[PDB]
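Participant: sequence first, structure after; it's an experimental one.
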Amino acid sequence: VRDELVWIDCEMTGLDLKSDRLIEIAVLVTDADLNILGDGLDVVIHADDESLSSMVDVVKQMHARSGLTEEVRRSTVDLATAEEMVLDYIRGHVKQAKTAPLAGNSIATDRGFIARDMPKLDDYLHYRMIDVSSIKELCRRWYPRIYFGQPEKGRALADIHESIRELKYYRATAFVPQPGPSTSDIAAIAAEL
Amino acid sequence: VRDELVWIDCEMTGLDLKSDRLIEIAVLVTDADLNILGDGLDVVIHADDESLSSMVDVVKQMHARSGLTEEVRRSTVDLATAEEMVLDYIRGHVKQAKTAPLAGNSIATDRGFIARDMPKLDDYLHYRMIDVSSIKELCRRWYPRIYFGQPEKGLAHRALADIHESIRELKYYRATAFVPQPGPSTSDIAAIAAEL
Ligand SMILES: [K+]
Ligand SMILES: [K+]
């Protein structure tokens, strides 16, 4: 029951939903214990030269240096095809609609582009998301040693792998050992709240 | 200084960023220990009858029953004024831009409307957010007893009451799913990081 997390990372020409284009999407599925269930999928999505010419210089330099911009010019994959490839990959692991949450770092940004451009993928995923950066920001306040001790971080598919490693790290440090507290302790705490 | 969490909940005519209107916004600031730093602020934002008439029946019924729809009709507050009232409230507690994260349940939805309609508020908050529902969904898998033991929610469907429920939910997870402070040793943390 509920043994899949869908990990997605996107790259864009920028973060403005009124004008920027989605140019890369990667997907990996894990079980609930963060074991990777397959090799996943990453797709570079075509954007025309006019769209790419709108990138601010910091993003232009980043996408030039990673080789993404040249891959975008050479891509023959449109939005609808990328959506079908990602959703078919997910449906191989996730059997029910509106069950699997989207997981990643600052995943709301990626979900904004998916909602705009990939409505079928948006509708298939649970509306709830697992933002690893939510846990990062809580540890930053509650457990500074955990925040400063994060494993070192190194394109969509590599970013996903690092998000999974960061959550594994928080599970092992910030979260209680299974099975967690007693049913009576839980009841007492809930009662006060 | 990283104490402060900014808690915001919005109400809308619907969740479609192409057409729906933001009709209520509430804000509370907490310290890092989730103590409320003031009484906060909630503002009903005017929308015209044409916009309100586009609400699907389940949303129409929710906003009718809470009194929100009638408060919207009577409101003289526009988006720019609501944004200024919320941002002035936050700036009383949060001294630096791009420092305080936005906190709530499924807070991405609210942030989407804030980014569209309130660019100054959007820019003042950290881009990072604390989604209490992220913790809920992790506990649902890792600690079913914690997930099923959550405190009962009032379900006011009004911005300020919803914020209070989000804070109580995070207090509940902090007391159950998270290790007692100060947590594991620097050496234990290093050993775990090394394996990953
Ligand atoms: K990215
Ligand atoms: K709400």
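Facilitator: Ah, there it is. Numbers count the residues shown, from 1 in each chain, chains lettered A, B, ... in the order given. Ligands and ions are numbered 1, 2, ... in the order given.

Participant: dump the lengthiest helix in chain A to PDB, restricted to CA.
Facilitator: Longest helix of chain A, by residue count under DSSP state H: helix A:156-173. Once non-C-alpha atoms are left out, helix A:156-173 reads as follows in PDB (Å, rounded to 0.1, in the frame of the first residue of the first chain):
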ATOM      1  CA  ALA A 156      17.600  16.600 -14.300                       C
ATOM      2  CA  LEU A 157      18.500  12.900 -13.500                       C
ATOM      3  CA  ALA A 158      21.700  13.600 -11.500                       C
ATOM      4  CA  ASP A 159      19.700  16.200  -9.400                       C
ATOM      5  CA  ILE A 160      17.100  13.500  -8.600                       C
ATOM      6  CA  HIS A 161      19.700  11.000  -7.300                       C
ATOM      7  CA  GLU A 162      21.100  13.800  -5.000                       C
ATOM      8  CA  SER A 163      17.600  14.600  -3.600                       C
ATOM      9  CA  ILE A 164      17.100  10.800  -2.800                       C
ATOM     10  CA  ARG A 165      20.500  10.700  -1.000                       C
ATOM     11  CA  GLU A 166      19.600  13.800   1.000                       C
ATOM     12  CA  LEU A 167      16.300  12.300   2.200                       C
ATOM     13  CA  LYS A 168      18.000   9.000   3.100                       C
ATOM     14  CA  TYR A 169      20.400  11.100   5.200                       C
ATOM     15  CA  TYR A 170      17.600  12.900   7.000                       C
ATOM     16  CA  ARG A 171      15.700   9.600   7.600                       C
ATOM     17  CA  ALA A 172      18.900   8.200   9.300                       C
ATOM     18  CA  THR A 173      19.500  11.400  11.500                       C
END
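
Participant: mind listing what's buried in that helix?
Facilitator: A:156-157, A:159-170, A:172-173 (16 or more other CB atoms under 10 Å in any protein chain shown). The way it works is simple: take the backbone N, C-alpha and C, and place the C-beta from them, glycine included.

Participant: which other helices and strands contact it?
Facilitator: Using 3 or more CB pairs under 8 Å, 6 or more residues apart in numbering or on different chains; DSSP states H and E as the contact criterion, the elements in contact with helix A:156-173 are strand A:5-12, strand A:22-30, strand A:102-104, helix A:132-142, helix A:144-148, helix B:186-195.

Participant: out of these, deepest packed?
Facilitator: Here the criterion is mean neighbour count by mean count of other CB atoms under 10 Å in any protein chain shown, and of those the winner is strand A:102-104, at a mean of 27.

Participant: span of stretch A:144-157 from start to end?
Facilitator: Terminal residues of stretch A:144-157 are spaced 28 Å apart (CA to CA, to the nearest Å).

Participant: same question for stretch A:60-69.
Facilitator: Counting by CA to CA, you get 8 Å between the two ends of stretch A:60-69.

Participant: ok so, going back, adding distance to residue A:56, write the helices and strands packed on helix A:156-173 out as CSV.
Facilitator: Formatted as CSV, the helices and strands packed on helix A:156-173 follow (distance: least, CB to CB, whole Å):
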stretch, distance to residue A:56
strand A:5-12, 12
strand A:22-30, 14
strand A:102-104, 23
helix A:132-142, 23
helix A:144-148, 30
helix B:186-195, 34
